[PDB]
Engineer: 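Below is a structure I'd like to ask you about.
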Amino acid sequence: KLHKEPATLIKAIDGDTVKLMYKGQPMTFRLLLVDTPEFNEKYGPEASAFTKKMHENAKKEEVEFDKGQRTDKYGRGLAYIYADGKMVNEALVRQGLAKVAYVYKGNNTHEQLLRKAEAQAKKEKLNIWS
Ligand SMILES: Cc1cn([C@H]2C[C@H](OP(=O)(O)O)[C@@H](COP(=O)(O)O)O2)c(=O)[nH]c1=O
Ligand SMILES: [Ca+2]
């Protein structure tokens, strides 16, 4: 029911935002359903590094919008972002580098997937959960 669409990296930003070219236009994307620590907070650097590596090493980046709001109040695109088929949002949670967060009704298709990842991260006492 959701669809992956093409994009190309313009620039890594931090754990939960990235600059991508989408339909030929530069956009800042904010990753749905997650919150990484800000760069100055604990695990912030590690979260940014993690996403910078995923995004930059990817051959193919893709954007998947949910069923709701596609842009937030700051004009950031709201999407699930995939790096060579692997969801960055979920990877962050699974590594304990983000919390599931900002779960608004109707842009929450992958909520349960991410919560499962968070439970596994917490069980493994990874990073934020250490
Ligand atoms: C993830 C997400 C954030 N936002 C807004 C809510 C928060 O508003 P406030 O700025 O007023 O706190 C902010 C959190 O983003 P950041 O975590 O990037 O700051 O982004 C949405 O509106 N929709 C979303 O899906
Ligand atoms: Ca954040």
Side-chain angles (χ1 to χ4, degrees):
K1 103 299 277 155
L2 301 196
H3 296 287
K4 297 174 178 37
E5 295 178 60
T8 53
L9 179 66
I10 296 169
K11 191 87 197 73
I13 307 177
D14 72 347
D16 56 25
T17 65
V18 57
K19 202 169 167 198
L20 305 176
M21 195 189 287
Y22 172 69
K23 297 186 157 166
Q25 303 304 338
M27 294 176 59
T28 300
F29 281 81
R30 172 68 170 82
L31 270 44
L32 284 172
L33 303 186
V34 306
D35 192 39
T36 56
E38 302 286 327
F39 174 84
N40 67 305
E41 301 162 29
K42 187 157 187 230
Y43 301 110
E46 288 73 13
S48 299
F50 181 92
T51 62
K52 177 197 165 57
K53 186 181 175 205
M54 273 199 91
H55 292 299
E56 278 172 5
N57 293 358
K59 300 320 190 189
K60 169 162 92 162
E61 295 228 79
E62 295 171 285
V63 173
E64 177 181 69
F65 295 104
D66 210 318
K67 303 280 212 182
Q69 172 154 104
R70 297 195 167 185
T71 63
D72 67 12
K73 68 198 190 181
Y74 301 115
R76 303 180 300 181
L78 298 170
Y80 313 100
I81 304 302
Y82 294 82
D84 288 333
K86 294 116 84 95
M87 205 203 300
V88 179
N89 316 50
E90 184 192 9
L92 279 162
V93 174
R94 177 67 184 81
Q95 298 313 120
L97 290 170
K99 292 177 172 178
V100 176
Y102 295 110
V103 180
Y104 301 94
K105 288 289 171 311
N107 271 344
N108 74 334
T109 296
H110 296 308
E111 183 185 2
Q112 291 314 129
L113 186 73
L114 266 53
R115 288 197 188 279
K116 176 54 173 299
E118 186 171 282
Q120 291 166 321
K122 195 172 307 198
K123 186 64 186 309
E124 307 179 354
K125 303 289 194 191
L126 290 182
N127 288 310
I128 280 173
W129 307 112
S130 69

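Residue numbers run from 1 in the order of the sequence given. Both backbone and side-chain heavy atoms feed into the values below; hydrogens, waters and symmetry mates do not. Both counts, for ligands and for their atoms, begin at 1 and track the order of listing.
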Engineer: Taking only residues at least two apart or on different chains, which pairs with a member in residues 18-28 satisfy side-chain hydrogen bond (donor to acceptor under 3.5 Å, both in side chains)?
Structural biologist: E5-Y22
Engineer: To which protein heavy atom is atom 23 (N) of ligand 1 closest, and what is the distance rounded to 0.1 Å?
Structural biologist: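 Protein heavy atom at minimum distance: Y104 CE1, 3.4 Å.
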Engineer: Hey, does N89 have a side-chain heavy atom less than 4.5 Å from the side chain of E64?
Structural biologist: no
Engineer: Where is the nearest protein heavy atom to atom 22 (O) of ligand 1: which residue, which atom, and how far?
Structural biologist: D72 CB, 3.9 Å
Engineer: Check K52 with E56, please: is the shortest side-chain N to carboxylate O separation under 4.0 Å?
Structural biologist: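 Counted as a salt bridge, because a side-chain N and a carboxylate O are separated by less than 4.0 Å.
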Engineer: Minimum heavy-atom separation for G96 and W129, please, with both atom names.
Structural biologist: CA-CD1, 4.0 Å
Engineer: Which one holds for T17 and ligand 1: side chain close, backbone close, both close, or neither close, with close meaning a heavy atom under 4.0 Å?
Structural biologist: neither
Engineer: Tell me, please: is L78 in heavy-atom contact with ligand 1, that is, under 4.0 Å?
Structural biologist: yes
Engineer: Answer yes or no: is there an ion pair linking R30 with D35, defined by an N-O contact shorter than 4.0 Å?
Structural biologist: yes
Engineer: Are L78 and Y102 connected in a single hydrophobic cluster, I mean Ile/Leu/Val/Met/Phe/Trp/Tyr linked by side-chain heavy atoms less than 4.5 Å apart?
Structural biologist: no
Engineer: Under 4.5 Å between side-chain heavy atoms, counting indirect links through other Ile/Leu/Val/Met/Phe/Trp/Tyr residues: same cluster for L2 and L33 or not?
Structural biologist: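 Linked, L2 and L33 end up in one cluster.
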Engineer: Provide the number and element of each atom of ligand 1 under 4.0 Å from a heavy atom of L32.
Structural biologist: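 Result: 25 (O).
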Engineer: Could you check if a side-chain atom of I128 sits within less than 4.5 angstrom of a side-chain atom of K99, using non-hydrogen atoms only?
Structural biologist: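 With C-beta onward as the side chain, the pair touches.
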Engineer: Should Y43 and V93 be counted in the same cluster of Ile, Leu, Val, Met, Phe, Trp and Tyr side chains packed under 4.5 Å apart?
Structural biologist: yes
Engineer: Looking at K105 and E111, is there a salt bridge between them, counting it only when a charged N and a carboxylate O are closer than 4.0 Å?
Structural biologist: no
Engineer: Return the closest protein heavy atom for atom 10 (O) of ligand 1 as residue, atom name and distance.
Structural biologist: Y74 OH, 2.6 Å
Engineer: What protein heavy atom sits nearest atom 12 (O) of ligand 1, and how far off is it?
Structural biologist: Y102 OH, 4.5 Å
Engineer: Between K73, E38, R76, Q69, which one has a non-hydrogen atom sitting closest to atom 20 (O) of ligand 1?
Structural biologist: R76
Engineer: Between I13 and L97, is there a shared hydrophobic cluster once you connect ILVMFWY residues whose side-chain heavy atoms come closer than 4.5 Å?
Structural biologist: no
Engineer: Considering heavy atoms of the protein only, find what lies nearest to atom 16 (P) of ligand 1 and give residue, atom and distance to 0.1 Å.
Structural biologist: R30 NE, 3.6 Å
Engineer: At under 4.0 Å between heavy atoms, which part of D35 makes contact with ligand 1: side chain, backbone, both or neither?
Structural biologist: side chain
Engineer: What protein N/O/S atoms are found closer than 3.0 Å to the Ca ion (ligand 2)?
Structural biologist: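 Metal shell, protein only: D16 OD2, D35 OD1, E38 OE2.
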